[PDB]
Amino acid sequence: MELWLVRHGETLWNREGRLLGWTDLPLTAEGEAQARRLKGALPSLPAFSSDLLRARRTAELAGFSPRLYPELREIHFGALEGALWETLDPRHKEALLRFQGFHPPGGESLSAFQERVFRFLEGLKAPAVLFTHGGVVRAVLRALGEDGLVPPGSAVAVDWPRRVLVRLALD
């Protein structure tokens, strides 16, 4: 199934290097610019989006009117929300880097995050554009055997659950 996953535009915590999960931060001016550039670069397909502000706003500026689904939200970092990556406990750092055995206090384990994301994708019956988050795009890319890091406001098209089709980054 052809699916286009879009990483929302940047927020302040991108430059600050802080774990950004369910903390509802707004897009930065440049983040909105990245979103506007996506308009015309994404296929005209039904759209779905994380209900968090930064995702909804990206979808809007990109020219879409998505159906909102919490299932497309970034992973819930719990007590780790806002934590500087730099000073993150080695155990949490490694769990996130290797993408496994991650369980933040008061938040979502990586396992639950994946189950939530994949169950949503499996429910999609036709091609669509999904405005979501870095962690969601990463989970999908890793599950397809690839490096899951993509720039803010960029997109990746995949033939779910078989392969990555294209990665699109605009300057």
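In case it trips you up, residue 1 is the first one in the sequence shown, and so on.
Averaged over CA atoms, B-factors in the entry run higher in 38 to 46 than in the other of 130 to 138 and 38 to 46. In this entry, 143 to 151 has the higher mean Cα B-factor, the comparison being between 143 to 151 and 18 to 26. Annotation for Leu168: CA B-factor lies in the middle third of the chain's modelled residues. In the PDB entry, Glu71 places in the middle third of its chain by CA B-factor. Sort the chain's modelled residues by C-alpha temperature factor and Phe102 lands in the highest third, per the entry. Residue-level temperature factors show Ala112 in the lowest third of its chain, judged at the C-alpha atom.
Sort the modelled residues of the chain by CA B factor and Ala59 lands in the middle third.
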